[PDB]
Amino acid sequence: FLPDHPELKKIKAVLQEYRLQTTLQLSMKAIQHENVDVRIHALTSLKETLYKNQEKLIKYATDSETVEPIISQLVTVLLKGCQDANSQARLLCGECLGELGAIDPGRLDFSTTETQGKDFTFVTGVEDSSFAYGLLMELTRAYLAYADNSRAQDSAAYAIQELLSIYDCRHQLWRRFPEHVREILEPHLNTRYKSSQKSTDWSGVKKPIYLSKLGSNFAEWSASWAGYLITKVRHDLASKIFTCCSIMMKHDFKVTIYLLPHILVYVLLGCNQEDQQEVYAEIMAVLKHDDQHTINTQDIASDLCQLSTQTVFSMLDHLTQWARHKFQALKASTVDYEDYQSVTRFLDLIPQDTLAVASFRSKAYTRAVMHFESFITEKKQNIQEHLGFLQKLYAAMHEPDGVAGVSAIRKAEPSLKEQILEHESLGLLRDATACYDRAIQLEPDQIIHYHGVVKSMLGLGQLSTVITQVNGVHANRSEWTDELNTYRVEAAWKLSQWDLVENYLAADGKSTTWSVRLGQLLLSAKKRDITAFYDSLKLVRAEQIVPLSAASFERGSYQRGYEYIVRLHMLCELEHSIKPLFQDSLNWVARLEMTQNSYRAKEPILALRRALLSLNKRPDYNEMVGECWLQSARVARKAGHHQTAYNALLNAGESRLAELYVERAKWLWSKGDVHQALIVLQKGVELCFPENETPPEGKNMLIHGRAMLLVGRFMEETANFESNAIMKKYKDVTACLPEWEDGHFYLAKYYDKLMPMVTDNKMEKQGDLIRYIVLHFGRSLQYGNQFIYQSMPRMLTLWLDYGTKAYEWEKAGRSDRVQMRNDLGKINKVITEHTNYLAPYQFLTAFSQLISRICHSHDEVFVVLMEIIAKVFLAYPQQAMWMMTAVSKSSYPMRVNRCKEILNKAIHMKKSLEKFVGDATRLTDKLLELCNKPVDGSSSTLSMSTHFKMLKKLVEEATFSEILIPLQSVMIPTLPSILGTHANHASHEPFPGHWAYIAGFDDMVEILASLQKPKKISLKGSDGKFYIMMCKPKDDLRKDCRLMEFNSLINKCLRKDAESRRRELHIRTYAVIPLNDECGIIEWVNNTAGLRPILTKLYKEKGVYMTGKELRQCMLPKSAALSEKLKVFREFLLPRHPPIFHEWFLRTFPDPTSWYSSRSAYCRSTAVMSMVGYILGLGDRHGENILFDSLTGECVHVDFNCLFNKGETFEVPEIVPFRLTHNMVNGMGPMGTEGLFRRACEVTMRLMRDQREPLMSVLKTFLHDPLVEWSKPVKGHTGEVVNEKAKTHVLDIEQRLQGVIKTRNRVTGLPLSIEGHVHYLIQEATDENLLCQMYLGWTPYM
Amino acid sequence: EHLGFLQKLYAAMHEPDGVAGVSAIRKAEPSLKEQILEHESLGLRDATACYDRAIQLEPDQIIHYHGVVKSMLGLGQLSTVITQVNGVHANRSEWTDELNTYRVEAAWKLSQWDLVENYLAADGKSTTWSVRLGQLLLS
Amino acid sequence: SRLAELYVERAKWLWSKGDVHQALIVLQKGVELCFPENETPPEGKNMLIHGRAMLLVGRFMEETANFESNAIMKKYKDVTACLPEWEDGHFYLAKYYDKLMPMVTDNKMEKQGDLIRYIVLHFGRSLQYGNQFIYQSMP
Ligand SMILES: CNCc1ccc(-c2cc(-c3nc(-c4ccc(S(=O)(=O)C(C)C)cc4)cnc3N)on2)cc1
Ligand SMILES: CNCc1ccc(-c2cc(-c3nc(-c4ccc(S(=O)(=O)C(C)C)cc4)cnc3N)on2)cc1
Ligand SMILES: CNCc1ccc(-c2cc(-c3nc(-c4ccc(S(=O)(=O)C(C)C)cc4)cnc3N)on2)cc1
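Written as structure tokens, this is what we have:
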């Protein structure tokens, strides 16, 4: 009902008698409602609400890295609604989004959009009840659909009767159909019907049905071809059904659509060679014909070409699915084999290349790519001649990486047009401009070249030149002037030359360009035209929504359509800026900040805002325009395009801004001319902040602080400057903005860098320095959590290490002990103050490390540590308990005693925690028992009740406390965003989301042969969902746990970065929880299977398979020379296993769109994981350890025990960076490594290099972790262990991040590589010499 | 106080070092004109955008269009130069006479002889090196 | 008609920018595009361009850290073979041998001997064919 008014308040008193986030959920549920008017009211109310609660909404969006979950759900819902049929609803929902803002897909989270689609219900045959049922539903919806012809509804009910003839509903058949269909079909289900139409013979008329009078119209062509076919099929039941539905077919084409596929299947089963040739003729004709290619009266044809293409495609698709299912049957008789053979033969008759060309004609890009790769492989056809078509395709799809790959592959020199394609897809547009000029010289009669020239000009921002260029072109040719008018319009309105806008607009009444529409709106604003304004507003909103409509029906849709979403954002902002003029609550700053960080996103919004400000007449507009030009800088500077803001860095101009200087400095710094930047910056500082008068006020003090900090950083970079001056500058920055975090942070970093040098690397001397360091770090934290990941861990490491060294010196008998002791006391006091000031979650973030050092030797240090950990525990008992469990049950007694001390202190602080602690202890003990429960016999499945009674009971008791199901989402804390820093540090919610407590266990427990017989359990969550948790004996997971943490941090990074996001790079992460050193519980990842098993099944299906003994024969002695091994490999192992993985892709995903999306995801995921592994030195990537999700196609890695180049230590050393066997490559597609995969690798590598500091700090903490079983277990168990290769491991990790291979022999001085790094890595992985050496277990041949 | 004058001088002397030094000395922010001068003295890409902003600031000045056309020349964008001069002419007939030299140079470089002849015919007052070269080549 | 020349000058420009790797790839592709091993390039100027390209690839390799010493050495030797009388080949080969010697010999001249003989001989021949690097070579 969703009333919103006092009358609605009467209804609400009613609802109270019956019984912002709340209202939001309500409106959400509303919009989903079926009644269109219901939804419309919902949407209107929602739009108003959003406008009214804009403040709280923005706060939700920007307070924390990730948006409030409710927001994510709401945006998913709105984008869905975009798909709705009613135009009004679509427009309303577009307004919804635009009002929300253009949230960076990163900040949003889409797990709801599983989008299975309820599709792929391939029907094996007509006989199948479900298929005949769908046919009956078709006919019923048909007869009801139209009353225009009594004969037609009569034909549908007649087919109902004939279906009763084929099979009686009276009771499975009746059971099959629903009641809204049941009651509709019942009146004629039994009555009777005369033949709806007079008999006609499609076979009598002989002609290619396409291009025939009957085939003139699409539906009529559907009617003539299907009738002919029905005549053709030699199937009595098929003939019966076909005749039954014939009459209905004449009236509605859609019934024809449903029927044709199986009609063809039956025609294939019962075949005449001449009939087969005629069928292939019809299909080829439909495919061969290009509506633009052939000339005829197009009233029928225009629609006919497209529709017929789609129909033939669908028919072939059903044929393919039928053939695959029949091959599965055959493997699982002879008549079915013959039928399947006939169908496969007909399929073969069709040309893949033809299919691809047609598809491309029909804009069915994805299917085109699929067909084209299928062609390039199925029939081997060389490297070099089809590249043009494939490149054009990728261009269409807008997949840049496709174009880049295609280029990377082409051997022959690239044609000019191809270089144009490449520069457009990805290029600085400078080469683009010059190539355009050269094209104009090469071709003087093509408009598109001038298009590109003008577009480039605009990009650089040379408006006036663009206007004049358009005018010139106009002078040369009048006709082109119409097409080119758009860019002139854009320049004008951005130029703020309204009159020119009016002229050019009046000139053309045929341009639908976004730019032209924007100019129209701005004009209607300039000259107050309320009615026209709002009309154009509706129109443009609809237009924009159009593309997003199709975009919605896809995974990751939001991202794919983000451009249009930003357009809607601009529209909303424009509306709210204009309204007051006609007769502006929105907060522009926050809005902009929510947007993704890339040109495509920010720039257009900013230009539009400059325009609006121009239309607005406010005194401060002159300066606001400077802020907008300066806001364009740091939105482009970050991207590159350094000339793309000359008309910005200059444009800013008048508005007084030391900010102008700071910006010019950052720019120079990006460009590499550091000394320049320092000069310009010192000058701007002197000028804007003369020493005589202090800047004490607001933005002035702020900018002064920022400038001083930047000066300091520059000075650090330059080698000339003295340490002391740097330290002084940083201290000054701190003094001028004590509240700022960056100040203290950089100060601490610099002191840290200096300390090793000043102290000679002697801890004793370092003490005082360490105090200063930790103090400033903690302060920085207290202000903001931007650099938390680098700050916290470093501080903790330093303090704890100093404590350890002091304990050693006290035990030693060395004089420095007393000074060290006083220093340590001071340090501990500092830590205490930090504890008091810092919020709990901030410690939570390194809680892992904290726990790691629980066994520290010095008691005072331990007291402090315990205070910290206890504060945390109280703050977040669930996560803390999970993380501490293992240590609790450690075999080492000291670990257990200390953890118990901690828990006791906590309990003392908050009693209620005691009950929960006891419950958790009991639950963990029982789970450990289970994990270690010995299986008897095969015992594939064991009932919970039969064996694990105590567990079911314990969970059953109502007294038992709720235990949060361990899940990565609930373990990895989120953090407050920089934008919002007020009271966020105090009230920040670490784990905003849905918390599922353990409500019970499904009875059945699975035991898996592989993985050393690990039990698999399924917990039952409070929400009712079931989560499957594998229980693993004999594995130390601590390593895996911390690695998962690091992966989560990497995932955050990947999400924030534009380039990674657009590709949707992400590392699949599964929660891991160690019950104790030997046993831990690991979350299951469903729909996923190992590469080895999958390919093994494929091979067996192909009949080609290698026996284990065969392999043993192929195996050779390790001492054998490399030549013999390479031989064995190439000669036998590679031959035996041909590349088939692409087939797995094909079968798993039938639909072209799903196929393409999943293939892309596969490439991206494998790339990301390979890079990450090579950085972390992941090893043992053997078939089973790597996995692929059947649902998305992504790749997931497991068995992260082998880390930090432990593989080399193996008897058979691992000599490859990551697992890239020929099969995986084949998977990626014909392009192979080159293409998507390469670009993903490169992007991931770049990102990692950028965040090198935070990752490196975290990894440091990880490597020096004492709890981790770095070595073999000794005696079964100070409860501390030290990793001997720690320093070496950190050095190697750093180098790899640096990009310094250091492998080079005979010369150890090597400049870092950049992309050549990814290239050399790929080469190494691919090389056969290496692989052949690799151990058989890795199954390199596969 | 007098830095503008010294910069102008060094510009006249064709002494780039002078202008660079001036710029380095100035405390105040550089005006757009002085910026144009410095760009021109010390070698073109940045100067094109500066010229664009200039034109936007003052439309009537012809020197700015001169600079933009020259730049487009240096980069090798002949065709663009032709179209640009043509557009300017469309807007202002007068300017066409001063700008004809660039068009002629472009053409002659394009090898488009008809355009060379026609443009050279347009006006008979240019003595620019480029214009004489075009006359010779056409002959 | 100047494919080889094209790719070579291009590699040079690219290097100028700094993307050494993108240079090496394009250059190797060109080496395959023209003078493609199917038959030995003896065609005079063609042989010259072939040698120039080979030497360029060799110096590139030297720049990149991945490539092994032996391969670089072999490439320089190939350039030497291709053009016996071209100084550049000999000079660069000598330079690379010099740089390698200290590590190979562990900085023990005794072992350094034979390498020294090779190096000196190649310097000398380089001098016979030209005088571009005399100041580096002779001393
Ligand atoms: C018109 N006369 C001047 C001229 C013009 C072009 C050339 C030329 C052509 C090639 C060439 N480039 C590639 C290549 C390039 C880029 C990428 S990329 O991934 O960065 C992404 C940007 C695509 C990947 C591969 C592959 N094969 C090739 N044959 O190299 N130089 C030489 C002279
Ligand atoms: C209207 N346009 C917007 C706008 C306005 C002003 C600024 C601005 C002003 C200054 C500034 N520069 C210098 C300086 C010194 C030496 C050279 S140099 O020739 O040696 C070099 C080519 C190597 C160049 C410049 C000296 N004092 C200064 N105050 O820096 N940025 C930036 C954008
Ligand atoms: C020395 N360290 C020992 C060690 C060993 C294993 C792990 C481990 C395992 C998983 C994990 N595996 C799967 C999984 C695995 C295989 C297949 S399979 O079809 O190929 C067929 C072979 C069953 C299907 C699914 C799903 N979800 C998961 N979380 O995670 N960690 C960790 C440490």
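Residue numbers (the deposited numbering), protein chains in the order written: chain A, 1254 to 1272, 1281 to 1431, 1440 to 1601, 1619 to 1869, 1879 to 2572, 2580 to 2644; chain B, 1671 to 1713, 1715 to 1810; chain C, 1950 to 2088. Just so you know, even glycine gets a beta-carbon here, dropped at the ideal spot from N, CA and C.
- DSSP, read as helix, strand or coil, puts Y1462 (chain A) in coil.
- Residue range 2367-2369 is occupied by the beta strand (DSSP E) that includes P2369 (chain A).
- By the Cβ-count criterion, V1267 (chain A) is exposed, with fewer than 16 other Cβ atoms from all chains shown falling within 10 Å of its own Cβ.
- Look at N2607 (chain A): its C-beta is under 8 Å from a C-beta on chain C.
- For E1958 (chain A), the three-state secondary structure derived from DSSP is helix.
- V1957 (chain C) and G2527 (chain A) have their C-alpha atoms roughly 28 Å apart.
- The three-state reading of DSSP puts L2482 (chain A) in strand, counting E and B together.
- Interface annotation, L2417 (chain A): not in contact with chain C, CB-CB separation never under 8 Å.
- For the set A:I1301, A:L2390, A:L1454, the Cα lying nearest the Cα of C1343 (chain A) is the one of A:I1301.
- For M2324 (chain A), there is no enclosing alpha helix (DSSP H); the enclosing beta strand (DSSP E) has its first and last residue at 2321-2327.
- Judged by DSSP secondary structure, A2384 (chain A) falls within the beta strand (DSSP E) whose first and last residues are 2383-2385.
- Take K2501 (chain A), set aside five residues on each side of it, and the residues of its chain with a beta-carbon closer than 7 Å to its own are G2474, in chain order.
- Here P2388 (chain A) carries a helix assignment [DSSP, helix/strand/coil].
- Counting only residues of its own chain and dropping the five nearest sequence neighbours on each side, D2027 (chain A) has a CB closer than 8 Å to the CB of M2003.
- At least one CB atom of chain C sits nearer than 8 Å to the CB of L2612 (chain A).
- Secondary structure of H1562 (chain A) (DSSP, three-state): coil.
- Excluding its 5 nearest sequence neighbours in each direction, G2581 (chain A) has C-beta neighbours in its own chain below 6 Å: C2150, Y2187, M2189, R2190, listed in chain order.
- Leaving aside the five residues that flank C2194 (chain A) on each side, the residues in its chain whose CB is nearer than 7 Å to its CB run, in chain order, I2149, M2179, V2182, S2183.
- Separation of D2629 (chain A) and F2513 (chain A) (C-alpha to C-alpha, rounded to the nearest whole angstrom) is 12 Å.
- DSSP places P2434 (chain A) outside both helix and strand once states are collapsed to three, so it counts as coil.
- In the three-state reduction of the DSSP assignment, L1712 (chain A) falls in the coil class.
- Going by C-alpha positions, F1675 (chain A) is about 30 Å away from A1896 (chain A).
- Annotation for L1955 (chain C) indicates a beta carbon within 7 Å of some heavy atom of ligand 1.
- Taking 8 Å as the threshold, the shortest C-beta distance from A1972 (chain A) to chain B does not fall below it.
- Among the residues facing chain C, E2617 (chain A) is included, as its CB has a counterpart in that chain under 8 Å away.
- Neighbours of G1745 (chain B) in chain A, taken as residues at a C-beta separation under 8 Å, are lacking, since the least C-beta distance is about 12 Å.
- Beta-bridge analysis with DSSP links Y2292 (chain A) to A:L2259.
- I2481 (chain A) is outside the set of residues whose beta carbon lies under 8 Å from a beta carbon in chain C.
- For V1787 (chain A), the closest C-alpha among the options A:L2314, A:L1807, A:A1408, A:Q1349 is that of A:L1807.
- The nearest non-hydrogen atom of ligand 3 is less than 7 Å from the C-beta of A2384 (chain A).
- If you ignore the 5 residues before and after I1753 (chain A), its C-beta comes within less than 6 Å of the C-beta of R1774, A1777, all in its own chain and listed in chain order.
- The beta carbon of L2032 (chain A) is closer than 6 Å to those of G2000, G2038 in its chain, skipping five residues each way along the sequence.
- One thing to note: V2538 (chain A) has its Cβ within 8 Å of the Cβ of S2355 (chain A).
- Distances from the CB of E1776 (chain B) to the heavy atoms of ligand 1 are all 7 Å or more.
- Those residues that bring their Cβ nearer than 6 Å to a heavy atom of ligand 1 are A:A1690, A:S1693, A:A1694, A:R1696, A:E1699, A:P1700, A:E1708, A:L1712, C:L1955, C:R1959, C:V1975, C:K1978.
- Neighbours of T1767 (chain A) across chain B, judged by C-beta separation under 8 Å, do not exist; the nearest C-beta is about 11 Å away.
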